[PDB]
Each structure stands twice: as C-alpha cells, then as structure tokens.
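Asks: Okay, here's the structure, questions in a sec.
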Amino acid sequence: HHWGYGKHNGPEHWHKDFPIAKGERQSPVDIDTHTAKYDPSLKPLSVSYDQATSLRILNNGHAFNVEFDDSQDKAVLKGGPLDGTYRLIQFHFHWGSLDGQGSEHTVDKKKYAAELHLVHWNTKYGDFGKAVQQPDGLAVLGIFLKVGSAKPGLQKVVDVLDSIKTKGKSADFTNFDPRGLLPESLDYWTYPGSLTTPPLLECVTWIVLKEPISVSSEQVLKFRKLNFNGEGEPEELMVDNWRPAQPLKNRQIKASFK
Ligand SMILES: [Zn+2]
C-alpha cells in the first residue's frame with residue numbers, strides 16, 4: 001500500500017508517511033499574476049545544454065525519466081536567481097486523463113494539459129545524494145505544455161514509449177537534445193519550494209517559464225498509454241499523476257519581467 005495517485009493512497013494520504021507534507025515551503029502553488037512582483041534585481045537565466053549526453057529512459061511506476069550523464073559540467077544551469085552552478089541529471093512529465101487538466105503549477109487558477117520538469121543539482125555538494133539534503137541543493141526548471149501544433153523535438157521521446165509500457169522496464173536512449181523542448185523566450189517566475197512527490201524534501205529553488213511550448217493532441221494521447229502497474233497485474237493507466245496546489249504561507253513569487 002505504497003504512496004500513489006489513487007483514491008486510497010493519493011495526495012491527501014501522503015502526510016501519514018511523510019509529515020513534511022504539511023510544511024512551510026511545499027510545492028506546487030498557484031501563480032497570482034496580480035500579486036507576483038517584478039523584481040528589477042533578477043538576472044538573466046543561463047541554460048547550456050549543447051553538450052548534453054543522454055543515456056536511458058525508464059518507467060518507475062509513477063512517470064518516465066530520461067537520465068543524463070552527470071560526471072562533468074556538460075549540461076549546466078546558472079544565473080537568474082541562483083548563486084551557483086547546477087548539473088542536469090534527469091527530466092520527466094506530469095499529465096492528465098483529458099486535455100483539461102494535468103499541470104501541477106497554475107496561473108490565475110488555470111490548468112495546462114501537462115508540465116515538464118528538468119532537474120539539476122548544485123555542484124558544491126559533490127553528488128545528488130548529498131545535495132537533496134540541503135536547502136539550496138537543487139534547481140528545477142518547469143515548462144507548461146498546451147495543445148496545438150506538434151512539437152518536433154518531442155517526437156523522439158514519444159516514439160519509444162512502446163518499449164517501456166509497464167513499471168520496471170527501461171531501454172537505451174542516447175543522443176537526445178533537450179534544447180528542442182525549450183520555448184522561444186526565457187522570462188520566468190521564481191520561488192523557494194520542494195519536491196512534488198515523496199520524500200517531498202524542501203530543497204528546491206523553482207524557476208517556472210512564462211511561455212509554454214506547444215504539443216499536438218496526438219502526442220499527449222500517447223503519454224496516456226503507459227501503465228502504473230507491472231507486467232501481469234490489473235491494468236491501471238498512468239494518467240492524472242499531478243499534485244494539487246499547496247498553501248503559500250507568506251512566501252513571495254518574483255517575476256523577471258514587467
Ligand atoms: Zn516533477
């Protein structure tokens with residue numbers, strides 16, 4: 001009876017095993033555009049993915065992760081609201097059973113069809129294991145997905161989901177360029193928060209892009225074909241794997257644009 005997204009082990013039950021679920025800096029949250037202040041001191045974001053080296057794709061039972069080689073400063077994130085250099089280790093998505101819901105963060109209460117998360121860790125702590133334990137150990141880049149024209153850079157990902165339908169399967173996945181998943185503009189919102197799935201550690205500096213990328217209806221429909229279950233068990237489709245907004249508790253969201 002591990003944690004999940006069902007009616008008897010979902011978001012409202014997580015606090016029993018993980019008390020921090022009701023903490024002071026939890027994620028996600030809603031972005032009230034009326035109260036998110038433009039901050040003239042915020043710097044431009046720096047994203048360097050040209051030397052990104054991918055290795056594998058996997059189904060972990062609650063989403064699918066594309067793992068990267070993080071032994072050197074290949075893909076790094078710096079600048080913006082940060083005071084250090086962070087390395088890319090993996091990315092994954094969150095989506096719904098229908099186009100009308102699926103994102104974790106919201107803008108003026110409105111929900112998108114899905115949300116992309118690029119996870120990086122602060123190099124001053126040595127490795128991921130030690131970084132997740134510090135309040136400034138991670139930096140996560142979130143991008144909204146809305147229905148429209150197909151996204152060319154996402155096709156390589158969607159074409160391999162056939163090989164990892166059930167929980168536990170994996171496959172080689174080399175030479176994928178994450179630059180094809182970025183929008184045109186880099187304006188952003190930023191605030192201190194946490195991981196959105198257990199253990200829910202409060203170790204993240206969030207950077208959410210204002211401009212969403214466009215994907216086709218046919219592309220999102222394929223995310224919905226994966227399974228939460230393992231081979232040979234009651235089929236349960238991997239849909240609606242998103243956590244609702246949490247209380248803000250006097251935290252302030254800053255904007256890098258007027
Ligand atoms: Zn996530």
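Chain labels follow the order of the structure tokens: the first chain is A, the next B, and so on; residue numbering restarts at 1 in every chain, and ligands are counted from 1 in their shown order.
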Check which residues of stretch 60-171 of chain A sit at most 8 Å from stretch 41-53 of chain A using only C-alpha atoms, and return one row each with the closest pair of atoms and their distance in Å to one decimal, ordered by chain and rising number, as a tab-separated table.
Replies:
```
residue	atom	partner	partner_atom	distance
A:68	CA	A:53	CA	5.7
A:69	CA	A:53	CA	5.6
A:74	CA	A:51	CA	5.2
A:75	CA	A:49	CA	4.6
A:76	CA	A:48	CA	5.4
A:77	CA	A:47	CA	5.0
A:78	CA	A:46	CA	5.2
A:79	CA	A:45	CA	5.0
A:80	CA	A:45	CA	4.2
A:81	CA	A:42	CA	6.0
```
Asks: Grab the residues selected above and save them as an mmCIF file, in the first residue's frame with N, CA, C and O atoms.
Replies:
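Wrote it out as out_23.cif, contents follow:
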```
data_model
loop_
_atom_site.group_PDB
_atom_site.id
_atom_site.type_symbol
_atom_site.label_atom_id
_atom_site.label_comp_id
_atom_site.auth_asym_id
_atom_site.auth_seq_id
_atom_site.Cartn_x
_atom_site.Cartn_y
_atom_site.Cartn_z
ATOM 1 N N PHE A 68 20.547 11.447 -17.714
ATOM 2 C CA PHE A 68 21.723 12.001 -18.383
ATOM 3 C C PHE A 68 23.025 11.668 -17.656
ATOM 4 O O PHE A 68 23.014 11.267 -16.496
ATOM 5 N N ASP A 69 24.141 11.837 -18.360
ATOM 6 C CA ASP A 69 25.478 11.601 -17.814
ATOM 7 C C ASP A 69 25.835 12.874 -17.046
ATOM 8 O O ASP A 69 25.906 13.941 -17.648
ATOM 9 N N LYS A 74 28.609 19.174 -18.225
ATOM 10 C CA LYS A 74 28.102 19.211 -19.589
ATOM 11 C C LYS A 74 26.931 20.192 -19.600
ATOM 12 O O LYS A 74 27.089 21.375 -19.914
ATOM 13 N N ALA A 75 25.761 19.687 -19.231
ATOM 14 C CA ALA A 75 24.545 20.477 -19.191
ATOM 15 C C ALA A 75 24.426 21.176 -17.843
ATOM 16 O O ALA A 75 24.195 20.528 -16.817
ATOM 17 N N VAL A 76 24.587 22.496 -17.843
ATOM 18 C CA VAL A 76 24.503 23.260 -16.605
ATOM 19 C C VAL A 76 23.529 24.429 -16.659
ATOM 20 O O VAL A 76 23.247 24.997 -17.721
ATOM 21 N N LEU A 77 23.028 24.778 -15.484
ATOM 22 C CA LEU A 77 22.103 25.881 -15.325
ATOM 23 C C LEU A 77 22.730 26.828 -14.309
ATOM 24 O O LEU A 77 23.211 26.388 -13.268
ATOM 25 N N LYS A 78 22.743 28.120 -14.627
ATOM 26 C CA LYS A 78 23.278 29.137 -13.727
ATOM 27 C C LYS A 78 22.622 30.493 -13.997
ATOM 28 O O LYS A 78 21.720 30.592 -14.831
ATOM 29 N N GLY A 79 23.060 31.532 -13.290
ATOM 30 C CA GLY A 79 22.473 32.845 -13.483
ATOM 31 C C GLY A 79 21.086 32.957 -12.869
ATOM 32 O O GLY A 79 20.741 32.202 -11.959
ATOM 33 N N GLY A 80 20.283 33.894 -13.371
ATOM 34 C CA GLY A 80 18.940 34.077 -12.841
ATOM 35 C C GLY A 80 18.962 34.421 -11.361
ATOM 36 O O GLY A 80 19.650 35.359 -10.957
ATOM 37 N N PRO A 81 18.213 33.681 -10.522
ATOM 38 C CA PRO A 81 18.155 33.919 -9.076
ATOM 39 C C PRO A 81 19.154 33.065 -8.290
ATOM 40 O O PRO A 81 19.189 33.114 -7.062
#
```
Asks: Skipping near chain neighbours, those fewer than 6 positions away, what residues fall within 6 Å of stretch 26-36 of chain A using only C-alpha atoms, listed as a ChimeraX atom specification?
Replies: /A:105-108,193-194,196,245-246,253-254
Asks: Quick one: residues within 10 Å of ligand 1, with only C-alpha atoms and all ligand atoms, as a list in words?
Replies: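 Checking only C-alpha atoms and all ligand atoms against ligand 1 at 10 Å gives residues 27, 28, 63, 65, 91, 92, 93, 94, 103, 104, 115, 116, 117, 118, 119, 140, 141, 142, 195, 196, 197, 241, 242 and 243 of chain A.
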Asks: Determine which residues of stretch 131-236 of chain A receive a DSSP assignment of strand (DSSP E or B), computed from the backbone, and state them as a list in words.
Replies: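 Everything in stretch 131-236 of chain A that counts as strand (DSSP E or B) is residues 138, 139, 140, 141, 142, 143, 144, 145, 146, 147, 170, 171, 172, 188, 189, 190, 191, 192, 193, 204, 205, 206, 207, 208, 209, 213, 214, 215 and 227 of chain A.
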Asks: Could you tell me how far atom CA of residue A:184 lies from atom CA of residue A:110, in Å and to one decimal?
Replies: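 Atom-to-atom, atom CA of residue A:184 to atom CA of residue A:110, that is 21.8 Å.
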